Amino acid sequence: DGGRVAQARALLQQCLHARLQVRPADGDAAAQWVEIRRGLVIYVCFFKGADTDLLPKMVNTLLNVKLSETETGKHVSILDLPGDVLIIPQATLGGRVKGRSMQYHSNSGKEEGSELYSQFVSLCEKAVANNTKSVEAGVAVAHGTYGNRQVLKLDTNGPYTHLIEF
Amino acid sequence: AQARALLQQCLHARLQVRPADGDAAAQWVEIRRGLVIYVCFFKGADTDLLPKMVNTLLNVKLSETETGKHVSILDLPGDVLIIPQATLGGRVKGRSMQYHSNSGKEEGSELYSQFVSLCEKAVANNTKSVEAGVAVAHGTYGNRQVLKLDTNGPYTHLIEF
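Residues numbered from 1 in each chain as written, not as in the entry; some residues may be left out. Chains lettered and ligands numbered in written order. Heavy atoms only, no water.

1. Considerations on the packing of helix α1 (residues 54-64) of chain A against helix α2 (residues 110-129) of chain A
When two helices pack together, their arrangement is given by the angle between their axes and by how far apart the axes lie.
Residue and element names in this part refer to chain A.
Stage number 1. It is at 10 Å that the axes of α1 and α2 come closest, and there the two elements cross at 50°. Comparing the axis directions of α1 and α2 gives the class oblique. When you trace α1 past α2, the crossing you get is right-handed. Here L55, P56, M58, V59, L62 and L63 of α1 lie close against α2, whose contacting residues are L116, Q119, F120, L123, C124, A127 and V128.
Stage number 2. Its residues assigned to classes, the contact of α1 with α2 shows 12 nonpolar, 1 polar and no charged. (Axes fitted to C-alpha atoms, helices over the stretch in contact; angles between N-to-C directions. Helix = DSSP H or I, 4+ residues; strand = E, 2+ residues; numbered from the N terminus. Parallel < 35°, antiparallel > 145°, perpendicular 65-115°, else oblique. Left-handed = near helix turned anticlockwise from the far one by under 90°. Contact = heavy atoms within 4.5 Å. Nonpolar A, V, L, I, M, F, W, Y, C, P; charged D, E, K, R; others polar.)

In structure tokens:
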């Protein structure tokens, strides 16, 4: 691969339930939240200098990878389970250790990463909306607010965590 | 490649360490404010590099203080929860995963135990950790890792060895 530099990183966990803060408390206004039920949590990090075709490859790969356990114990995709999807921006996955600190030099800048993040979210939403099984079961796609603290509670039957690099 | 570790910051975590057996309820461990270390060991991993691996993970600055600066889990100080997680070594192959480079049961189990033991020893040799009564807890190798996790931002990092 000649040292071809990575383009993104995604971490995938299975959940029974997730609750994610989408706005922090602000004075008299309480923090605001989104939840999902049984489903897939995708944590995403984008790197500088990636191909124009990265996002549809990521959507296709991640929604179709067979990581969700059926009632028989067989592994299917989130689209086939079917289940919810929660997307969490997680640029820290790009951090590389230097002494006792992390460096994030390969990470997309705030504007680039924000844009890629909104786009990724929207493509996932559409892909789920194109999927018959998902639509008919009423599954939902939820997502974290870019730039915020990802206050997350997660309930699992084994997160079954995988990492996929683009 | 020796190993992969995934690190997440928590306020609380609860991990099933024995499944329910008939009448016998599931058994569990917990930590409070702490670090969750998910670990995967590859085939051929050198046991003599495990102390350094422990050293790297317990001393990396990922835990937030009230002033917003970061310190290791030993300086925070907080708890440590170690979760076996060889799925982290999976490589995507179309719609499936391949785990070819992961240690087998015999080798994996042994590395895991040794790592756990070295983490315990490292915390017990840390003055600040001992003064505060922080605990190291660990999952059961090869069981289903039933986990509840409560975070103020998991702040998830990945470190390769």
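Alright, that's what it looks like, and here's the rest.
2. Remarks on the interface of chain B and chain A
Reports often express the size of an interface as the amount of accessible area lost when the parts come together.
Stage number 1. Listed by partner, the interface residues are 36 residues for chain B and 35 residues for chain A.
Stage number 2. Buried surface at the junction of chain B and chain A, summed over both partners, amounts to about 3100 Å²; 51% is from carbon and sulfur atoms.
Stage number 3. Broken down residue by residue, the surface that chain B buries against chain A is led by B:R95, B:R144 and B:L158, which jointly contribute 16%.
Stage number 4. Joining chain B to chain A, the criterion identifies 20 residue pairs in polar contact.
Stage number 5. Ranked by residue count, the leading element in the side of chain B that touches chain A is strand β11 (residues 147-150) of chain B, at 4 residues.
Stage number 6. For the side of chain B that touches chain A, the per-class residue count stands at 15 nonpolar, 14 polar and 7 charged. (Buried area = accessible area lost by both parts, 1.4 Å probe. Polar contact = N/O pair within 3.5 Å; in protein donor to acceptor, adjacent residues only side chain to side chain.)

3. Points about the sheet that holds strand β7 (residues 84-89) of chain A
Residue and element names in this part refer to chain A.
Stage number 1. Here 5 strands make up an open sheet; going across it, the order is β10-β7-β4-β1-β12 and the pairing mixed. What marks the edges here is a single partner per strand, and that holds for β10 (141-143) and β12 (162-165). Each strand axis lies, on average, 20° off the axis of its neighbour in the sheet, ignoring direction.
Stage number 2. Where strand β1 (residues 8-15) and strand β4 (residues 39-46) come together, 8 bridges link them in antiparallel fashion. Its bridge partner lying in β4, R9 is registered against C45.
Stage number 3. Relative to β4, α1 is tilted by about 155°, and along the sheet it contacts β1, β4, β7 and β12. (Pairing = 2+ DSSP bridges.)

4. Topic: unusual backbone geometry
Stage number 1. In the segment running from A:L81 into A:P82, the intervening peptide bond is cis, with an omega of -10°.
Stage number 2. Looking at the element boundaries, A:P82 is found in the loop between β6 (75-76) and β7.
Stage number 3. Here B:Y155, not a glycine, exhibits a phi torsion of approximately 55°, which is positive.
Stage number 4. Residue class for B:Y155 comes out partly exposed when judged on its relative accessible area of 28%. (Buried < 20%, exposed > 50% of the residue type's maximum accessible area, 1.4 Å probe, protein only.)

5. What about the pattern of salt bridges?
Stage number 1. Considering all chains together, one arrives at 10 salt bridges over all chains under this definition.
Stage number 2. As a salt-bridge pair, B:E64 and A:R149 come within 3.0 Å of each other at their nearest N and O atoms. Pair noted here: B:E64 is in strand β5 (residues 63-64) and A:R149 is in the loop between β10 and β11 (152-155), and the two residues belong to different chains.
Stage number 3. B:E64 sits in the partly exposed class, given a relative accessible area of 29%.
Stage number 4. What makes A:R149 partly exposed here is its relative accessible area of 38%.
Stage number 5. Its salt-bridge partner being B:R14, residue B:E30 comes within 3.1 Å of it at the nearest N-O pair. In this pair, B:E30 sits in strand β3 (residues 27-31) while B:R14 sits in strand β2 (residues 12-18), placing the two residues 16 residues apart along the sequence.
Stage number 6. On the basis of relative accessible area, B:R14 is assigned to the partly exposed category, the value being 21%. (Salt bridge = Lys/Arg side-chain N within 4 Å of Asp/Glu carboxyl O.)

6. A word on the packing of aromatic side chains
Stage number 1. All told, the structure shown has 4 aromatic pairs over all chains when counted by the stated rule.
Stage number 2. Taking 6.4 Å as the distance between ring centres and 65° as the angle between the ring planes, the aromatic pair formed by A:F46 and A:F120 counts as edge-to-face. You can see A:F46 sitting in strand β4 and its partner A:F120 sitting in helix α2, a full 74 residues away along the chain. Just as A:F46 is buried, A:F120 falls in that class too.
Stage number 3. Ring geometry for B:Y112 and B:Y141: centres 5.7 Å apart, planes at 35°, overall tilted. Here B:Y141 lies in the loop between β10 (136-138) and β11 and B:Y112 lies in helix α2 (residues 105-124), a separation of 29 residues in the sequence.
Stage number 4. For A:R19, the ring lying beneath its charged end belongs to A:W33, and the centroid distance is 4.2 Å.
Stage number 5. Sitting over the face of the ring of B:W28, B:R14 holds its NZ or CZ atom 3.8 Å from the ring centroid. (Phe/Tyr/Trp six-rings, centres within 6.5 Å; stacked < 30°, edge-to-face > 60°. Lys NZ or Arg CZ within 6 Å of the ring centre and 35° of its normal.)

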